[PDB]
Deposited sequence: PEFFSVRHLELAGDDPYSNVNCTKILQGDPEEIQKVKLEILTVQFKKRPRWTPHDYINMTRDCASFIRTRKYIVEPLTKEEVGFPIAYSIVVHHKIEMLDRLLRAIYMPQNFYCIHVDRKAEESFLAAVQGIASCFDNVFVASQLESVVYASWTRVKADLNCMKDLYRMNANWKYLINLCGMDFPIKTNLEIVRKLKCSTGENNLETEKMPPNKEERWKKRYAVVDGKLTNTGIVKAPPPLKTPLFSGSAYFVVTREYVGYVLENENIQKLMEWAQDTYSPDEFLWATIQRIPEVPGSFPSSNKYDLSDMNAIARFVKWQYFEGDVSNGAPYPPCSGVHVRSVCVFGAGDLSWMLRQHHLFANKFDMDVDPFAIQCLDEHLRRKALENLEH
């Protein structure tokens, strides 16, 4: 139990109403990590990172990660540790607007592992802009050329957390049998202004300029989706090299939230590795895809009455549920690989319980 990580978690994980209510300040700073990481051997030991593969099955199925962050070093460290394995690869994209101490702290952690690094290209990410997509593309470039054996790439943000162990992830990926898995649905006509008009970053905010854009440079229709995906290395190589895709991406640079349509659209282009035909019969909702479990305030409700999922037990930020300990029990029963979003400032117990649970389960 030396690798295991005053509330009873088991009761929380079982959805015990008693503890849920019962549950519903010291903290390391970037400088603590900068110092703490000087001695990698001790950092790794004290933080309890797993530096040896757990099974031969996992050794044979390497996974790559693109992690886009900009703050909260303790959360990054906790997320990294939860998903870290020696055989995998981890690219960390630190926003150019991040505090220098944060960047130094991230490099501090990354510098302790030969498979963790900071992307060779970094963007100043603006909410809803192409730069958010570019951040992942920067990591895709690095990850693709550095190793030819990883099977899938999963992109993450700082407030994500896994709800599956590395082994469980590997198994679900094998279950996809070479196909990609991400939300991709017929584009609602009502969102057309997101790409029919040109957007410009005005005073820090991406805004509609009213300038008319040309039609998308592709035969295939645009599809609606998420910024999060689970794609094969082959999909990545195609995105990075295919000329038509490059044309599509350059056209998308001045659209609104291109991250919410680019991946979903490419996933339906013929000849793209791991893609699905454009016929709507193949559409995948956020719940049917396994990329990310996210609760939207306007959809929460009585599951036995038509609701996709139960109400949030934490708090809502921009209509998105920031999980509370009470959300954990139902959440763990879903098939998604990761869930969003978590925040130590909202409910640190939702994190701790999940983290401890996955570590114990993995050590089995």
Gaps relative to the deposited sequence fall at 1 to 6, 12 to 18, 38 to 47, 388 to 391
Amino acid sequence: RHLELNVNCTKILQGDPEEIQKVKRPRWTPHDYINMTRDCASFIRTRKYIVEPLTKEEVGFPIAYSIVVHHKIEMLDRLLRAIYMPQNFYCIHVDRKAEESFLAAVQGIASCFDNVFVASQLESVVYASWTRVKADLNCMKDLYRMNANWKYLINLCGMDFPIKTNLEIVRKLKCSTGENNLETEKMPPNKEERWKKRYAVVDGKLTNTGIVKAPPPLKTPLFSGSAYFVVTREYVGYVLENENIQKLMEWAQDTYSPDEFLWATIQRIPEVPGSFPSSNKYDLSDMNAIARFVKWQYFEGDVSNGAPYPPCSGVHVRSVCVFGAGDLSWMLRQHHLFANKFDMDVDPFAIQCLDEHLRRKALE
From here on, numbers count along this sequence of modelled residues.
For 52 to 60 versus 65 to 73, entry-based mean Cα B-factors point to 52 to 60
Between 293 to 301 and 332 to 340, point out the one with the higher average CA B-factor as the PDB entry records it.
293 to 301
Quick one: which of 218, 122, 143, 116 shows the highest Cα temperature factor in the PDB entry?
218
Within-chain third of residue 170 by Cα B-factor, per the entry:
lowest
Of the three thirds of the chain ranked by Cα temperature factor, residue 205 occupies the highest
Assigned third (lowest, middle, highest) for the C-alpha B factor of residue 190
highest
Ordered by C-alpha B-factor within the chain, which third holds residue 99? Give me lowest, middle or highest, please.
highest
